[PDB]
A.B. asks: 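I have a structure here, written as structure tokens, and I will follow up with some questions on it.
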Amino acid sequence: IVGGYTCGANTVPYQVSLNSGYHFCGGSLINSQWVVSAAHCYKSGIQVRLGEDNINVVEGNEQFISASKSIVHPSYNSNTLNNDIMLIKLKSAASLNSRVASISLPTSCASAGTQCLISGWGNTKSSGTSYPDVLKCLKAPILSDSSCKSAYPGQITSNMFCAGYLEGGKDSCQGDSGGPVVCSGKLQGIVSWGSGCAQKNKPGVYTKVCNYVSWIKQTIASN
Ligand SMILES: NC(=[NH2+])c1ccc(CNC(=O)[C@@H]2CCCN2C(=O)[C@H](N)Cc2ccccc2)cc1
Ligand SMILES: [Ca+2]
């Protein structure tokens with residue numbers, strides 16, 4: 001997260017870190033057994049880390065749970081990141097508490113102009129690299145689809161939306177991949193892609209979760 005702020009420990013209790021020896025992606029807890037992340041975060045051997053603030057220090061509220069299965073969206077395209085969503089099942093149910101909590105799936109999509117909270121442990125620099133160890137947060141509005149497509153002509157599908165600031169300076173970044181965009185209490189986006197980070201006229205692009213709620217609900221009920 002570039003241009004954001006330190007969230008505060010466990011103030012985003014649905015935020016998970018995906019760990020394969022190191023943090024490599026974010027995700028969102030949607031019930032005690034399931035996490036939503038980005039398909040571009042797919043790999044084997046995932047440990048889900050819940051209750052995290054500083055990902056390099058055991059602070060006392062963590063739950064570390066291995067994934068038992070991962071399900072990449074059936075239509076994910078790795079060349080374009082269309083359908084950039086994946087479900088991860090926990091081998092044992094998380095113990096839900098005020099620091100480890102699920103985020104509600106959208107009943108309805110959100111409209112342009114709605115403010116959202118984006119969070120993660122990704123790079124905080126718009127040029128170069130600095131990775132924080134505590135969770136960072138950013139308030140950012142959904143941008144119009146026309147400004148999104150103007151920024152990225154020929155690349156935006158109906159399964160994507162842009163959010164952030166066309167002037168630059170505030171954005172998500174590498175390492176935030178797969179983490180949440182929460183608007184009005186619903187998981188509306190997943191950190192997906194963009195050109196650089198926090199660059200002028202290059203806003204963040206996010207998987208449009210509301211298009212996937214039927215698939216999520218049917219997939220978790222059958223797995
Ligand atoms: N909001 C942002 N500026 C931002 C940008 C990037 C990321 C992390 N996501 C990435 O790094 C993804 C993974 C594959 C390549 N990639 C990218 O974002 C590429 N830079 C652009 C690209 C390549 C192929 C298809 C779609 C988009 C997270 C946030
Ligand atoms: Ca920790």
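The chain is numbered in sequence order, starting from 1. Start at 1 and go down the list; that is how both ligands and their atoms are numbered.
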A.B. asks: Nearest 0.5 Å, what's the CD1-OG distance between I30 and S37?
C.D. replies: 11.5 Å

A.B. asks: Judged by modelled atom types alone, do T6 and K136 share a side-chain donor-acceptor pair under 3.5 Å?
C.D. replies: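 Side-chain D/A pair, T6 to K136: present.
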
A.B. asks: Roughly how far apart are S108 OG and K186 NZ, rounded to 0.5 Å?
C.D. replies: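 NZ of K186 is found 9.0 Å from OG of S108.
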
A.B. asks: Do any nitrogen or oxygen atoms of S195 lie less than 3.5 angstrom from nitrogen or oxygen atoms of ligand 1?
C.D. replies: no

A.B. asks: Please say whether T80 places an N or O atom under 3.5 Å from an N or O atom belonging to ligand 1.
C.D. replies: no

A.B. asks: Backbone, side chain, both or neither: what part of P203 comes under 4.0 angstrom of ligand 1, heavy atoms only?
C.D. replies: neither

A.B. asks: Distances under 3.0 Å only: what protein N/O/S atoms are near the Ca ion (ligand 2), ordered by chain and residue?
C.D. replies: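 Short answer, with waters excluded from the count: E52 OE1, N54 O, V57 O, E62 OE2.
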
A.B. asks: I want to confirm something. Looking only at heavy atoms, which of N123, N79, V2 is nearest to atom 25 (C) of ligand 1?
C.D. replies: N79

A.B. asks: In terms of ring plane angle, is the pair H73 and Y212 parallel, tilted or perpendicular, where the classes change at 30° and 60°?
C.D. replies: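 Ring orientation, 0 to 90° scale: perpendicular.
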
A.B. asks: Tell me whether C197 has any N or O atom under 3.5 angstrom from an N or O of ligand 1.
C.D. replies: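 N/O-N/O distance below 3.5 Å does not exist for this pair.
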
A.B. asks: Can you sort out the partners of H40 under ring pair (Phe, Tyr, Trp, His ring centres under 6.0 Å), two or more places apart, ordered by chain and number?
C.D. replies: none

A.B. asks: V191 versus ligand 1: do any nitrogen or oxygen atoms come within less than 3.5 Å of each other?
C.D. replies: no

A.B. asks: Measure from atom 4 (C) of ligand 1 to every heavy atom in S78, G204, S172 and give the option owning the shortest one.
C.D. replies: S172

A.B. asks: Just how far is it from atom SG of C25 to atom CD1 of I46, taken to the nearest 0.5 Å?
C.D. replies: 8.0 Å

